[PDB]
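What follows is a pair of forms of the same protein chain, given separately as structure tokens and numbered structure 1 and structure 2.
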Structure 1
């Protein structure tokens, strides 16, 4: 559910769900996590680009209907572990990571992108965190955005549930660059080359130090998120 390509020392991972919006099914998560782990352990790889593919979305995220229909506390927990594991997978890559966002980055797709060292988007792309509008809890998205972009920006995004176009994303500093769709993947590879040229040792050590509090935050969020659901289903199942 991904393909792996190389621009010399740059590994390009293209998401290839049968659906062109790259919804994070279990299978797609696993393929991504596995590809990232291979990139990280492959010495020939010095930087990594993740891309939804041409005329596809970065990720429409997880199925909101599926999450609302989950019948057990444990179902939602295993799902929260999946979500947090996906993001930790990205944070634990000690080489430069670049997200090339086209189409939609929704929910998990938006959170996923925030794990990358740098983000570029197409001028025609959109970021969305619409969980609350759709009756989905947004505590994971909130914790992540509040860590990455601060409290007030997080509140605005999560409570307005708007589609954030390129100019809006520039304004929020959610992305580092905006380019045309047709130029995006190349622009991302280029930035990946630039960061791959940074001496690896100093980069690895720095990124580790940088990402450590983020990783810690996500682990706290893993634990904290399960808790309200344990109590909800304890009541119902009585």
Structure 2
């Protein structure tokens, strides 16, 4: 469920769920994790771009088919582990990582995007974190967003549950760039070439230092979040 192509030293991973909105099914997680592993392990690769695809959403979050079909505690507990593992998978890529966002980045897709070093979105795209509106728990989201963007910003976002257009994302500093849908991928690749040109020894050790507290946060959130979602999933 992911294409892997190359713009020279740049590896481009394109999400390809049967569904245009690239929902994170368990199969898609797997592919995305595996592609990231290969990219990180491959010396020909010096930078990575993850992309929803032309006329496709970055990801509309997890698979509503998994989520709505969750009752057992065993089942929910392990689902949270999966989710974090995915986010960690991105954070542990020792090379530069760009997220090219078009369409919708919702809930899990929003969060997934926040794991990247940089984010460019289309002028026509949207971010959303509408969990509580819908009756889903959002401790993991709160945790991430609080860490990346501050307490009061996070509060606003998760409690308002609004559809964030580009102007709004810029205002929140959720993205580094806004371009036309047609221009988006090339723009992302360029950013990747730029960061790829920074000496590797320097960039890897710095990125590691930078992402350590983030990883550590996510690990701490693991247990407590299993608690809210176990309790929430009974309606």
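Positions refer to the first chain, counted from 1. Residues that one form lacks are left out of the comparison. In this text, rigid core is short for the largest set of C-alphas that superpose within 1.5 Å between two forms.
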Residue showing a 2 Å-or-more C-alpha displacement between the two structures once the rigid core is overlaid, selected from 66, 186, 42, 34: 66
Displaced residue check between the two structures: residue 230, CA, 2 Å or over, core reference: yes
Shift in Å of the C-alpha at residue 110 between the two structures after core superposition: 0.1
Rigid-core superposition between the two structures, with residue runs of at least 3 whose C-alphas all shift by 2 Å or more: 63-69, 227-235
